[PDB]
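Participant: Would you be able to build a 3D model of this:
(2 chains, ligands or ions: 1)
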Amino acid sequence: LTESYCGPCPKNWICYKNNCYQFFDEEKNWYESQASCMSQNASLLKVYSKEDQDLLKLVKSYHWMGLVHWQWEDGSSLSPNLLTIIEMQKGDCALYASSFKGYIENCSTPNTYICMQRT
Amino acid sequence: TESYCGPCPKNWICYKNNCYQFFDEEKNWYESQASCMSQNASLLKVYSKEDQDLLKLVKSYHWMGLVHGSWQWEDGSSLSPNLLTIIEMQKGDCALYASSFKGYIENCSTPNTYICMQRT
Ligand SMILES: O=C(N[C@H](C(=O)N1C[C@@H]2[C@@H](CO)[C@@H]2C1)c1cccc(C(F)(F)F)c1)c1ccccc1-c1ccc(C(F)(F)F)cc1
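Facilitator: Residues are numbered from 1 along each chain as shown, chains lettered A, B, ... in the order given. Take a look at the structure below.
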(Lines give C-alpha, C1' and ligand atoms only; values in the text may rest on other atoms or scores of the structure.)
Protein backbone atom coordinates (compact mmCIF):
# COMPACT_ATOMS: atom_id res chain seq x y z
CA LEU A 1 0.00 0.00 0.00
CA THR A 2 3.06 2.28 0.05
CA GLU A 3 2.96 4.82 -2.77
CA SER A 4 5.48 5.64 -5.49
CA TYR A 5 5.61 7.28 -8.89
CA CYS A 6 5.65 5.09 -11.99
CA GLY A 7 7.63 5.83 -15.10
CA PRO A 8 8.57 7.98 -16.74
CA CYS A 9 6.18 7.04 -19.59
CA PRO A 10 4.40 8.85 -22.39
CA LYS A 11 0.97 9.94 -21.21
CA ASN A 12 -1.06 7.57 -23.38
CA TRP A 13 0.87 4.48 -22.23
CA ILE A 14 0.05 2.12 -19.36
CA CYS A 15 2.64 2.26 -16.59
CA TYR A 16 3.22 -0.70 -14.30
CA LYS A 17 6.28 -1.16 -12.09
CA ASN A 18 8.11 1.54 -14.12
CA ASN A 19 7.69 -0.20 -17.49
CA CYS A 20 5.45 1.45 -20.10
CA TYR A 21 3.09 -0.58 -22.31
CA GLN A 22 1.00 0.25 -25.37
CA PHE A 23 -1.37 -2.04 -27.28
CA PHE A 24 -1.70 -1.72 -31.06
CA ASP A 25 -4.86 -3.07 -32.72
CA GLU A 26 -3.82 -2.50 -36.35
CA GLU A 27 -2.32 -5.83 -37.35
CA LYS A 28 1.23 -6.05 -38.70
CA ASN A 29 3.81 -8.75 -39.30
CA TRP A 30 6.51 -9.20 -36.67
CA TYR A 31 9.05 -6.99 -38.47
CA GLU A 32 6.58 -4.14 -39.12
CA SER A 33 5.46 -4.34 -35.49
CA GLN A 34 9.06 -4.00 -34.32
CA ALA A 35 9.51 -1.05 -36.70
CA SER A 36 6.39 0.59 -35.27
CA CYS A 37 7.65 0.22 -31.70
CA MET A 38 11.05 1.62 -32.72
CA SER A 39 9.39 4.63 -34.33
CA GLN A 40 7.99 5.37 -30.85
CA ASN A 41 11.36 5.02 -29.10
CA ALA A 42 10.29 1.58 -27.91
CA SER A 43 10.63 -2.12 -28.62
CA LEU A 44 8.21 -5.02 -28.80
CA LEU A 45 7.27 -6.48 -25.39
CA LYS A 46 10.19 -8.14 -23.60
CA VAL A 47 9.34 -10.62 -20.83
CA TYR A 48 12.04 -10.62 -18.17
CA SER A 49 10.26 -11.07 -14.83
CA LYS A 50 7.02 -12.68 -13.69
CA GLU A 51 6.93 -10.53 -10.55
CA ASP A 52 7.71 -7.14 -12.13
CA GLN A 53 5.42 -7.89 -15.10
CA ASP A 54 2.58 -9.80 -13.38
CA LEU A 55 0.09 -7.51 -15.18
CA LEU A 56 0.73 -9.77 -18.19
CA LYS A 57 -1.46 -12.40 -16.50
CA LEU A 58 -4.39 -10.15 -17.48
CA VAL A 59 -3.37 -9.64 -21.12
CA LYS A 60 -5.77 -11.62 -23.30
CA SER A 61 -5.74 -12.28 -27.03
CA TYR A 62 -2.42 -12.97 -28.80
CA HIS A 63 0.12 -10.23 -29.46
CA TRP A 64 3.56 -9.98 -31.04
CA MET A 65 6.37 -9.83 -28.51
CA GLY A 66 10.03 -9.36 -29.30
CA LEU A 67 11.04 -13.04 -29.08
CA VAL A 68 12.67 -14.69 -32.12
CA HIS A 69 14.48 -17.92 -32.94
CA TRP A 70 15.04 -18.09 -28.36
CA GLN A 71 16.22 -14.45 -27.94
CA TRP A 72 14.88 -10.89 -27.63
CA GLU A 73 15.24 -8.02 -30.14
CA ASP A 74 18.07 -6.54 -28.08
CA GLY A 75 20.09 -9.77 -28.45
CA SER A 76 19.62 -10.89 -24.85
CA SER A 77 18.48 -14.44 -24.45
CA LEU A 78 15.27 -15.68 -22.93
CA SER A 79 15.72 -16.29 -19.23
CA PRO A 80 14.55 -19.63 -17.84
CA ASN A 81 11.27 -20.12 -15.96
CA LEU A 82 9.46 -17.25 -17.65
CA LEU A 83 7.44 -18.50 -20.63
CA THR A 84 5.81 -21.76 -21.80
CA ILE A 85 6.45 -21.87 -25.57
CA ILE A 86 3.85 -23.79 -27.61
CA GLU A 87 3.85 -24.49 -31.35
CA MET A 88 0.95 -23.06 -33.35
CA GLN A 89 2.08 -22.02 -36.85
CA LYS A 90 5.45 -22.96 -38.36
CA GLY A 91 7.74 -19.99 -37.79
CA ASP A 92 10.56 -18.17 -36.01
CA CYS A 93 8.58 -15.56 -34.02
CA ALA A 94 6.31 -15.73 -30.98
CA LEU A 95 2.98 -14.27 -29.82
CA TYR A 96 2.43 -13.50 -26.14
CA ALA A 97 -0.72 -15.04 -24.62
CA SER A 98 -2.07 -15.28 -21.08
CA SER A 99 -0.63 -16.52 -18.80
CA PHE A 100 3.13 -16.32 -19.56
CA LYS A 101 2.76 -18.36 -22.77
CA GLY A 102 4.40 -17.86 -26.15
CA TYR A 103 2.77 -19.30 -29.29
CA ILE A 104 5.11 -19.87 -32.20
CA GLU A 105 3.93 -17.98 -35.27
CA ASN A 106 5.22 -17.26 -38.75
CA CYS A 107 6.92 -13.87 -38.54
CA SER A 108 5.05 -12.77 -41.68
CA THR A 109 1.57 -13.31 -40.23
CA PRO A 110 -0.24 -10.06 -39.35
CA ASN A 111 -1.13 -9.78 -35.65
CA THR A 112 -1.77 -7.17 -33.00
CA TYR A 113 1.26 -6.20 -30.93
CA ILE A 114 2.45 -4.72 -27.66
CA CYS A 115 5.24 -2.21 -27.45
CA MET A 116 7.20 -1.53 -24.30
CA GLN A 117 9.38 1.38 -23.17
CA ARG A 118 11.64 1.86 -20.16
CA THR A 119 13.55 5.05 -19.28
CA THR B 1 7.33 13.34 -24.10
CA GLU B 2 7.99 11.44 -20.86
CA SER B 3 6.34 12.12 -17.51
CA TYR B 4 5.89 10.40 -14.17
CA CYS B 5 2.59 8.78 -13.26
CA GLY B 6 0.84 8.59 -9.92
CA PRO B 7 1.62 8.18 -7.17
CA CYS B 8 0.25 4.61 -7.02
CA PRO B 9 0.94 1.50 -4.97
CA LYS B 10 3.41 -0.82 -6.65
CA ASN B 11 0.97 -3.57 -7.76
CA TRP B 12 -1.43 -1.09 -9.45
CA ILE B 13 -1.61 0.08 -13.07
CA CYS B 14 -1.08 3.82 -13.45
CA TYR B 15 -2.62 5.79 -16.31
CA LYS B 16 -2.92 9.59 -16.47
CA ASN B 17 -2.31 9.80 -12.69
CA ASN B 18 -5.12 7.38 -11.76
CA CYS B 19 -4.37 3.98 -10.18
CA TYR B 20 -6.28 0.83 -11.15
CA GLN B 21 -6.31 -2.73 -9.82
CA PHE B 22 -8.36 -5.63 -11.13
CA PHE B 23 -9.73 -8.25 -8.73
CA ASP B 24 -10.68 -11.65 -10.21
CA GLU B 25 -12.33 -13.04 -7.03
CA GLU B 26 -16.08 -12.61 -7.53
CA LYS B 27 -17.92 -10.55 -4.91
CA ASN B 28 -21.26 -8.76 -4.78
CA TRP B 29 -21.21 -4.97 -5.08
CA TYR B 30 -21.14 -4.37 -1.32
CA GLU B 31 -18.25 -6.79 -0.70
CA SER B 32 -16.38 -5.32 -3.68
CA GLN B 33 -16.74 -1.79 -2.28
CA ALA B 34 -15.52 -3.02 1.11
CA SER B 35 -12.51 -4.67 -0.58
CA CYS B 36 -11.47 -1.44 -2.32
CA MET B 37 -11.90 0.53 0.87
CA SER B 38 -9.53 -1.79 2.73
CA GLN B 39 -6.87 -0.78 0.16
CA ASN B 40 -7.53 2.96 0.74
CA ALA B 41 -9.42 3.02 -2.56
CA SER B 42 -12.90 2.95 -4.06
CA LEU B 43 -14.59 1.12 -6.91
CA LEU B 44 -13.88 2.50 -10.39
CA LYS B 45 -15.28 5.99 -10.97
CA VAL B 46 -15.69 7.01 -14.62
CA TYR B 47 -15.31 10.78 -15.13
CA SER B 48 -13.63 11.32 -18.53
CA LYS B 49 -13.39 9.38 -21.77
CA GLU B 50 -10.08 11.14 -22.48
CA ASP B 51 -8.39 10.82 -19.08
CA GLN B 52 -9.62 7.21 -18.85
CA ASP B 53 -9.42 6.03 -22.46
CA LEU B 54 -7.64 2.86 -21.27
CA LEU B 55 -11.14 1.74 -20.25
CA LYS B 56 -11.77 1.02 -23.95
CA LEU B 57 -9.32 -1.86 -23.50
CA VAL B 58 -10.99 -3.48 -20.49
CA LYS B 59 -12.44 -6.87 -21.43
CA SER B 60 -15.44 -8.49 -19.58
CA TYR B 61 -17.68 -6.64 -17.07
CA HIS B 62 -16.68 -5.58 -13.56
CA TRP B 63 -18.24 -3.73 -10.64
CA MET B 64 -17.80 0.02 -10.68
CA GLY B 65 -18.85 2.50 -8.04
CA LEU B 66 -22.16 3.56 -9.63
CA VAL B 67 -25.37 3.02 -7.59
CA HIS B 68 -29.04 4.04 -7.61
CA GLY B 69 -32.68 10.53 -7.55
CA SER B 70 -30.32 9.49 -10.36
CA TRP B 71 -27.31 7.19 -10.60
CA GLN B 72 -24.49 8.45 -8.39
CA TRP B 73 -20.91 7.52 -7.56
CA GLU B 74 -19.75 6.32 -4.14
CA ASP B 75 -18.39 9.84 -3.52
CA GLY B 76 -21.86 11.38 -3.88
CA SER B 77 -21.19 13.04 -7.23
CA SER B 78 -23.54 12.68 -10.20
CA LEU B 79 -22.81 10.63 -13.29
CA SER B 80 -21.62 13.08 -15.92
CA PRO B 81 -23.67 13.07 -19.13
CA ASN B 82 -22.50 11.50 -22.39
CA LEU B 83 -19.89 9.29 -20.58
CA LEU B 84 -21.67 5.91 -20.35
CA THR B 85 -24.39 4.09 -22.29
CA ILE B 86 -26.58 2.60 -19.56
CA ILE B 87 -28.16 -0.75 -20.42
CA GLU B 88 -30.72 -2.69 -18.38
CA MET B 89 -29.47 -6.24 -17.68
CA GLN B 90 -30.92 -7.32 -14.31
CA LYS B 91 -33.28 -5.90 -11.73
CA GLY B 92 -30.87 -3.96 -9.54
CA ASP B 93 -29.43 -0.77 -8.07
CA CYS B 94 -25.72 -1.20 -8.95
CA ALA B 95 -23.83 -1.09 -12.25
CA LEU B 96 -21.05 -3.00 -13.98
CA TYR B 97 -18.55 -1.38 -16.31
CA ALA B 98 -18.16 -2.92 -19.76
CA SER B 99 -16.22 -1.74 -22.84
CA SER B 100 -16.65 0.57 -24.50
CA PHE B 101 -18.01 3.00 -21.89
CA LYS B 102 -21.15 0.98 -21.10
CA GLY B 103 -22.82 0.53 -17.74
CA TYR B 104 -24.93 -2.58 -17.11
CA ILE B 105 -27.65 -2.28 -14.50
CA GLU B 106 -27.01 -5.30 -12.27
CA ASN B 107 -28.42 -6.86 -9.10
CA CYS B 108 -26.12 -5.61 -6.35
CA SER B 109 -26.12 -9.13 -4.87
CA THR B 110 -24.69 -10.83 -7.97
CA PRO B 111 -21.02 -11.87 -7.59
CA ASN B 112 -18.80 -10.20 -10.19
CA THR B 113 -15.13 -9.31 -10.67
CA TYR B 114 -14.33 -5.71 -9.78
CA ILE B 115 -12.00 -2.76 -10.39
CA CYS B 116 -10.61 -0.59 -7.61
CA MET B 117 -9.31 2.91 -8.25
CA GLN B 118 -7.10 5.31 -6.30
CA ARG B 119 -5.99 8.87 -6.97
CA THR B 120 -3.73 10.65 -4.47
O1 LIG C 1 -9.21 -5.92 -19.68
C2 LIG C 1 -8.44 -6.86 -19.60
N3 LIG C 1 -7.31 -7.12 -20.32
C4 LIG C 1 -6.86 -6.19 -21.30
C5 LIG C 1 -6.19 -6.87 -22.45
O6 LIG C 1 -5.95 -8.05 -22.40
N7 LIG C 1 -5.95 -6.13 -23.59
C8 LIG C 1 -5.32 -6.75 -24.75
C9 LIG C 1 -5.45 -5.70 -25.80
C10 LIG C 1 -6.79 -5.08 -26.04
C11 LIG C 1 -7.02 -4.32 -27.27
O12 LIG C 1 -7.55 -5.27 -28.17
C13 LIG C 1 -5.82 -4.42 -25.08
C14 LIG C 1 -5.66 -4.71 -23.62
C15 LIG C 1 -5.90 -5.36 -20.50
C16 LIG C 1 -4.72 -5.92 -19.97
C17 LIG C 1 -3.83 -5.14 -19.22
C18 LIG C 1 -4.13 -3.80 -18.98
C19 LIG C 1 -5.31 -3.26 -19.49
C20 LIG C 1 -5.63 -1.83 -19.27
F21 LIG C 1 -6.92 -1.51 -19.09
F22 LIG C 1 -4.93 -1.21 -18.29
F23 LIG C 1 -5.25 -1.09 -20.33
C24 LIG C 1 -6.19 -4.02 -20.25
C25 LIG C 1 -8.76 -7.84 -18.61
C26 LIG C 1 -8.98 -9.14 -19.03
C27 LIG C 1 -9.32 -10.09 -18.06
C28 LIG C 1 -9.46 -9.72 -16.72
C29 LIG C 1 -9.24 -8.41 -16.32
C30 LIG C 1 -8.88 -7.47 -17.28
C31 LIG C 1 -8.62 -6.17 -16.78
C32 LIG C 1 -7.39 -5.58 -17.03
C33 LIG C 1 -7.14 -4.33 -16.48
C34 LIG C 1 -8.11 -3.69 -15.69
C35 LIG C 1 -7.83 -2.37 -15.10
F36 LIG C 1 -6.89 -1.63 -15.72
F37 LIG C 1 -8.90 -1.54 -15.01
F38 LIG C 1 -7.29 -2.51 -13.86
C39 LIG C 1 -9.34 -4.29 -15.44
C40 LIG C 1 -9.59 -5.55 -15.99
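Participant: What strands flank the longest strand anywhere in chain A, and is each parallel or antiparallel?
Facilitator: Criterion DSSP state E: the longest strand present in chain A is strand A:19-28. Within its sheet, strand A:19-28 is paired with strand A:14-16 (antiparallel), strand A:111-117 (antiparallel), according to DSSP bridges.
Participant: Do it and the ligand come into contact?
Facilitator: Yes - judged by C-beta under 6 Å from any ligand atom, strand A:19-28 and the ligand are in contact via A:23, A:25. Placement of C-beta: from N, CA and C, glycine included.
Participant: can you pull the buried residues of that strand?
Facilitator: Of all the residues in strand A:19-28, those buried under the rule 16 or more other C-beta atoms under 10 Å in any protein chain shown are A:19, A:20, A:21, A:22, A:23, A:24, A:28.
Participant: how about the strands paired with strand A:19-28 in TSV, adding mean neighbour count and distance to residue A:94?
Facilitator: Shown next, in TSV, are these (neighbours: other C-beta atoms under 10 Å in any protein chain shown; distance: least, C-beta to C-beta, whole Å):
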stretch	mean neighbour count	distance to residue A:94
strand A:14-16	24	21
strand A:111-117	22	10
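Participant: Any chance of the ones you listed in JSON lines with distance to residue A:72 as columns?
Facilitator: Shown next, in JSON lines, are the strands paired with strand A:19-28 (distance: least, C-beta to C-beta, whole Å):
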{"stretch": "strand A:14-16", "distance to residue A:72": "19"}
{"stretch": "strand A:111-117", "distance to residue A:72": "11"}
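Participant: Now tabulate those in JSON lines and tack on distance to the ligand.
Facilitator: Shown next, in JSON lines, are the strands paired with strand A:19-28 (distance: least, C-beta to the nearest ligand atom, whole Å):
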{"stretch": "strand A:14-16", "distance to the ligand": "5"}
{"stretch": "strand A:111-117", "distance to the ligand": "6"}
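Participant: ok, back up a step: which element follows the longest strand of chain A toward the C-terminus?
Facilitator: helix A:30-38 (DSSP states H and E).
Participant: between the buried residues of strand A:19-28, which is closest to chain B?
Facilitator: residue A:23 (6.2 Å; C-beta to the nearest C-beta).
Participant: give me phi/psi at the spatially most central residue of chain A?
Facilitator: For chain A, residue A:45 is the residue whose C-alpha lies nearest the centre (C-alpha atoms, centre = their mean; 2.1 Å). Taking degrees, to the nearest 10, you get phi -40, psi 130 for the backbone angles of residue A:45.
Participant: show me the contacts for it.
Facilitator: Residue A:45 makes contacts with A:21, A:63, A:64, A:65, A:66, A:96, A:113, A:114, A:115, A:116, as judged by C-beta atoms under 8 Å, 6 or more residues apart in numbering or on different chains.
Participant: Sweet, I'm off.
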